[PDB]
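Below is one structure, written out as structure tokens, with a few remarks after it.
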Amino acid sequence: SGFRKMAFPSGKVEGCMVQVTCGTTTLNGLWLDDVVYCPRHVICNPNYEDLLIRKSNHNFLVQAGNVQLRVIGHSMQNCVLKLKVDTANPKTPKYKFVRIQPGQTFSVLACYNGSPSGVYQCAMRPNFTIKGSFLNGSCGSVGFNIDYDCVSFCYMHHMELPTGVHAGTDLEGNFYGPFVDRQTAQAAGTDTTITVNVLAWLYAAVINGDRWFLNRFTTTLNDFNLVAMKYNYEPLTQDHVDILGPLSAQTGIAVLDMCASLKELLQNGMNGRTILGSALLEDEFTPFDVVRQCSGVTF
Amino acid sequence: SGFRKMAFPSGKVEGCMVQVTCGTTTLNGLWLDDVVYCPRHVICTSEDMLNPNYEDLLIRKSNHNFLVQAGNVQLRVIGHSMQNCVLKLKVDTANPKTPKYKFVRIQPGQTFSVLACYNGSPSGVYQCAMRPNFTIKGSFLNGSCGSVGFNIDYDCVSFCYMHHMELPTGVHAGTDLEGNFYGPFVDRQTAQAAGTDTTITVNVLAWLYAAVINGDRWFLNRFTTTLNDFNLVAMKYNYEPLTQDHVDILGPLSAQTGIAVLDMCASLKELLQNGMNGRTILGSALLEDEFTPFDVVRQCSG
Ligand SMILES: NC(=O)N1Cc2ccc(Cl)cc2[C@H](C(=O)Nc2cncc3ccccc23)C1
Ligand SMILES: NC(=O)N1Cc2ccc(Cl)cc2[C@H](C(=O)Nc2cncc3ccccc23)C1
Ligand SMILES: [Cl-]
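As they're listed, the protein sequences go chains F and B. Read left to right, the first sequence gives residues 3264 to 3307, 3314 to 3568 (full-length UniProt numbering). Just so we're aligned, residue 3264 is where the second sequence starts under full-length UniProt numbering, counting upward by one.
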């Protein structure tokens, strides 16, 4: 029993964190094989080709623990700088670079000076920001998932928006969201609630013995989506309904039956009650996160 | 900016997780140097659990009865001893991944990271607090016994918890790494219930200071309180008494935000009276009590 916001064990990622210093700027890098990936704003109206062409290999100081790595090459791929180093990371795990969709969750290994300080779980918001916890020096910290023994890198931290939320890229340097890596006026779009995730979390509450919110009612996908649109909830697709199938079979509560529970919660509130120790509807657990935590999958 | 429930990077602990098998029971062990620490109930059957005589059960065991597995490698047990409710299995190989470590016993209200494991394999990491009733509100399934709680301040891992059991309310009970249970619990299938839980007051105050550091002041008021008046009010909401030690501990946060501890106590009293009125504090509609004053300083400042 119990339901926690749980991150993947960060060990395979910790063994990849390095410190990248260039000029006055110091941030984090991800050392995989003989390449260190880091935000290109470490070289810093920025013409990044012009700024990068003025740098030599020895301008980038890469530090892996108490060992200085020597940079033998450098190239840019979108908003990510790839520093070729002489040494292949012996701690390089089996990995992939994956781009995630909004609503998908991942673990963040927050780092400062190439040293991991914390690990937390978070979701790619529908507005492409992440509600993370980062201070200055956190740039280059990575987001990942673990599938079997393979680490899928999905996020690299680049910046903080004026509302305190965060923006970054996939490991190929493509930003999530309409953001750019420069000091210009940028704001996160109006956020919405990840509906399939709230439903997954209601199923987790049912699995954990909390059923007060259940009701005899059902609804249609169209009628539920008319309610979802009114409460700034993401539309629930047939794919989401299919994805919630296993949880629906396990608890005996059809996805449209759980949708009517969610509809009543949105219109009437919780009425002094909590669900899994929360007075708000939690949307940062995917259906797979719920199944994984309520089954004990290991890595 | 931002405030998350953050766990310590689990890497130093992952490299210590092993699987311990005794008969039909399989649980997790912590391999540090040449010793594997695990709950002593690994030697029990389901029947033995009502009134186990651990000394009697352990005396009938030999080293080769304990199967220890570190990854895809079987370790050889060369000795065994019991220290309180933990079994210490001397093995023939020192763990090369043994980090700098300490065994620390924590007090209620203290937080720590839990590396939940099944079959000696880590599956997840989460942050939690030792409740005032000595239980932890964890996320544990059958086979998670032996999973550990820790903090990693600097490069040293301080092991503070080993999971032993789930109580009937879904909460968890365990021991420090010397085998001493937190709380009035026993490693027996007997009628045991967690005492009435209370809110960790000093932690809620620390979290209100984190909200101030992050720019949220909506809950502040023009009032102050005496420590005694705060405790009389707080007790009525099932909040732990706030001691002078807690007030002293909140000193740095008070100096940083410019809000006196007893002035922050007055905001808390008002929040308990009024609720949040549709608002949130650090993305939460409830008063969060699983961040200590030390956690707030670490995360908000560095
Ligand atoms: N003004 C300022 O501090 N920045 C400007 C800027 C402009 C563009 C880009 Cl791509 C990055 C940055 C950096 C950034 O956002 N870094 C930071 C990242 N995360 C959390 C922070 C908390 C506090 C301060 C910086 C954080 C630095
Ligand atoms: N009923 C049952 O299976 N147990 C009884 C028991 C009695 C005393 C002692 Cl010291 C340990 C145990 C074990 C224990 O609590 N393990 C478990 C630990 N954590 C979460 C669990 C979730 C679900 C089932 C067991 C969990 C095993
Ligand atoms: Cl303590």
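Using N, Cα and C, we set each Cβ at its ideal position, and we do this for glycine too.
By the Cβ rule, the stretch 3406-3413 of chain F counts as touching the stretch 3378-3396 of chain F, because three or more pairs are nearer than 8 Å. Taking a C-beta distance under 9 Å as the contact criterion, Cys3301 (chain F) and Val3283 (chain F) qualify as a contact pair.
When C-alpha distances from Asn3484 (chain B) are compared across B:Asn3494, B:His3509, B:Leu3471, the shortest belongs to B:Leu3471.
Contact note: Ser3421 (chain B) does not reach chain F at a C-beta cutoff of 7 Å; the least C-beta distance is about 16 Å.
Remark: the shortest separation between the CB of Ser3344 (chain B) and any heavy atom of ligand 2 does not fall under 8 Å. Remark: the shortest separation between the CB of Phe3403 (chain B) and any heavy atom of ligand 2 falls under 8 Å. If only uninterrupted alpha helix (DSSP H) runs of at least 4 residues are considered, those enclosed by the stretch 3449-3489 of chain F are 3464-3476. With its beta carbon less than 9 Å from one in chain F, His3435 (chain B) belongs to the interface. With contacts defined by Cβ atoms closer than 9 Å, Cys3423 (chain F) and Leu3440 (chain F) form a contacting pair. Of all residues in the stretch 3378-3395 of chain F, only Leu3378, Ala3379, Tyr3381, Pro3385, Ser3386, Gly3387, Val3388, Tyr3389, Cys3391 place a beta-carbon less than 8 Å from a beta-carbon of chain B. Taking a cut-off of 5 Å from the heavy atoms of ligand 3, the residues with a C-beta inside it are B:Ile3369, B:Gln3370, B:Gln3373.
Contact of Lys3400 (chain F) with chain B is assigned, a C-beta pair being separated by under 9 Å. If you check the C-beta of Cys3408 (chain B) against ligand 2, you find a heavy atom less than 8 Å away. Taking 8 Å as the cut-off, one finds at least one heavy atom of ligand 2 near enough to the beta carbon of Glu3429 (chain B). Here the stretch 3364-3376 of chain F lies against the stretch 3391-3401 of chain F, with 3 or more beta-carbon pairs under 8 Å apart. For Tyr3389 (chain F), the uninterrupted beta strand (DSSP E) run begins and ends at 3384-3392, by DSSP. Taking all protein chains in view, the Cβ of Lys3275 (chain F) is crowded by 16 or more other Cβ atoms within 10 Å, so the residue is classified as buried. In this structure, DSSP gives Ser3517 (chain F) a helical state, which the three-state scheme calls helix.
At a cut-off of 9 Å, the C-beta of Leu3320 (chain B) has no neighbouring C-beta in chain F.
Boundaries of the alpha helix (DSSP H) harbouring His3509 (chain B): 3507-3512, taken from the DSSP string. In this structure, DSSP gives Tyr3364 (chain F) an extended state, which the three-state scheme calls strand.
Assigned with DSSP and collapsed to three states, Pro3556 (chain B) falls in helix. Distance from the CA atom of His3427 (chain B) to the CA atom of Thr3438 (chain B), rounded to whole angstroms, is 7 Å.
No Cβ of chain B is located within less than 9 Å of the beta carbon of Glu3533 (chain F). Taking the beta carbon of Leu3293 (chain B) as reference, no residue of chain F falls within 8 Å; the closest one sits roughly 15 Å away. Judged by their CB atoms, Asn3314 (chain F) and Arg3451 (chain F) are nearer to each other than the 9 Å cut-off.
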